[PDB]
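Take a look at this one chain, the form deposited without its partner chain, written out in structure tokens.
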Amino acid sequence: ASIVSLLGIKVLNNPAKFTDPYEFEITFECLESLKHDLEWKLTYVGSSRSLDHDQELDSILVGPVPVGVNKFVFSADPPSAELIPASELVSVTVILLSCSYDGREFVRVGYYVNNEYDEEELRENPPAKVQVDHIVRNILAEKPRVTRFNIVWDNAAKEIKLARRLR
């Protein structure tokens, strides 16, 4: 309608280790009282090749939703490196942060995440076995990709396809 609108997002604690939590300070406006909570979720894209390697990192229910301008910190566990193809682990991928209301997604914010080793020795000559504790993750927070979707609230009345995951 839209009863809730994203106003701003700050990626906290960035860069970070691959194994550190994700932290976002999210600012949203709510215009009317709602029956239901907001569900915020974060999805890590394991492979640019299929939805088959996505991992839902966490989700958090926010509510009852107060009318006005709201701020909260969303934190989420890192993905399991075990379940990401070894060859795609230390590369660019995307994260998608979305908010749904009663199951209906009304906003998505996508970010590219660059993954690179912390030591010069490993960057040019990476091993076959991946050193997860040595991955530094950088979310490209200056480049958010925001897609809003129109929903009913309470009343009825690689880089090619990474870019595609973002939209």
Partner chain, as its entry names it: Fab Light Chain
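By rigid core we mean the largest C-alpha set that fits within 1.5 Å across both forms. Numbering follows the first chain given and starts at 1. Only residues modelled in both forms are compared.
Unmodelled stretch separating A157 from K158: 4 to 9 residues (count of deposited-sequence residues without coordinates).
In this crystal structure, the stretch out of 63-71 and 116-124 whose C-alpha atoms carry the higher mean B factor is 116-124. Mean C-alpha B-factor is higher over 43-51 than over the other stretch, the pair under comparison being 97-105 and 43-51.
Residue-level inspection of the entry shows that, of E142, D37, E29, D133, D133 has the top Cα B-factor.
Just so it is clear, the following notes concern the form deposited with its partner chain bound, a form of the same protein that is not shown.
Proximity of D52 to its partner chain in the deposited bound form: non-hydrogen atoms within 4.5 Å are present. When its partner chain is considered in the deposited bound form, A81 lies well away from it, no heavy atom lying within 4.5 Å. Among heavy atoms of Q131, none comes within 4.5 Å of its partner chain in the deposited bound form. Looking at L122, you'd find every heavy atom of it more than 4.5 angstroms from its partner chain in the deposited bound form. In the deposited bound form, its partner chain lies within 4.5 angstroms of at least one heavy atom of each of the following residues of 110-125: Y112, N114, in sequence order. Fitting the two forms on their rigid core shows CA movement of 2 Å or more between the shown form and the other one over just one run of at least three residues, at 46-55.
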